[PDB]
There are 8 protein chains.
Amino acid sequence: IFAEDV
Amino acid sequence: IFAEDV
Amino acid sequence: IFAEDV
Amino acid sequence: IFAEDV
Amino acid sequence: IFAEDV
Amino acid sequence: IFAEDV
Amino acid sequence: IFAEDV
Amino acid sequence: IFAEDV
């Protein structure tokens, strides 16, 4: 699982 | 920026 | 698990 | 900056 | 700029 | 997985 | 895993 | 600049 917020 | 790999 | 906050 | 590898 | 390779 | 933000 | 912030 | 290789 890979989650990214900028 | 917050990025998490599980 | 790798979590990064900038 | 806070980065943690488990 | 933020680039991540998993 | 490769994610890039400029 | 390689993550880079400039 | 913060770069981390795991």
# chains A, B, ... in the order shown; residues from 1 in each chain; ligands from 1
call {"tool": "select_by_dssp", "arguments": {"residues": "chain B", "states": "strand (DSSP E)", "output": "VMD selection string"}}
result
chain B and resid 2 to 5
call {"tool": "write_last_selection", "arguments": {"atoms": "C-alpha atoms", "output": "PDB file, in the first residue's frame"}}
result
ATOM      1  CA  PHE B   2       3.379  12.830   3.873  1.00  0.00           C
ATOM      2  CA  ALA B   3       4.106   9.553   2.087  1.00  0.00           C
ATOM      3  CA  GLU B   4       3.752   6.094   3.548  1.00  0.00           C
ATOM      4  CA  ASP B   5       4.536   2.705   2.081  1.00  0.00           C
TER       5      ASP B   5
END
